[PDB]
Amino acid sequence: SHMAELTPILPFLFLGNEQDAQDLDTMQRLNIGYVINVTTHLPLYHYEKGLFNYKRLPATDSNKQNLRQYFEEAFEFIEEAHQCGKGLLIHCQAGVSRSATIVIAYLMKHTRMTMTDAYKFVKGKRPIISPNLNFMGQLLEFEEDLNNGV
């Protein structure tokens, strides 16, 4: 069977794929209470159990998907877990391309890392990340907006 590998980017921020998000035991052992689903078609796992607060970001893994519009909605959702001492799991699909894009944006926003330093930070903890030239460009546009105060 699949062994869940919830990569801890920060002690309260976890990242994974669709298979990593279906493991209920590890999520409770890691004290997560917030889940971010960055897909349009995947179900909110363990919704019928009333254990987590869910937020879905309806995004596709295409060359036209806009992920910048969902950054601030996810940052406040991650910050609401930070302020109450609980963990957050953000996940999408196999390549973890979408969910790692927001995590890099979060490390870029609240830790003041450069896009490469933030990318090298997440790449060292989860070595398998599918490339997406669209999301790379949106992260580059996001970095210069951070360097100019927006």
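Rigid core: the largest C-alpha set superposing within 1.5 Å between the two forms. Start at 1 and count along the sequence shown; that's the residue number.
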Between 88-96 and 106-114, where do the CA atoms move more in 4 other deposited structures of this protein, taking the root mean square over the structures and residues after a core fit?
-> 88-96
Output the stretch having the higher mean C-alpha B factor in the entry; the candidates are 97-105 and 30-38.
-> 30-38
Check the entry's C-alpha temperature factors for 130-138 and 17-25, then say which stretch has the higher mean.
-> 17-25
What's the residue among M113, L57, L44, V122 with the greatest CA temperature factor in the PDB record?
-> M113
Using the B-factors in the PDB entry, rank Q69's C-alpha atom against the chain and give the third, lowest, middle or highest.
-> middle
Relative to the other modelled residues in the chain, which third contains the C-alpha temperature factor of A81: lowest, middle or highest?
-> middle
Lowest, middle or highest third: where is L88 by Cα B-factor in its chain?
-> highest
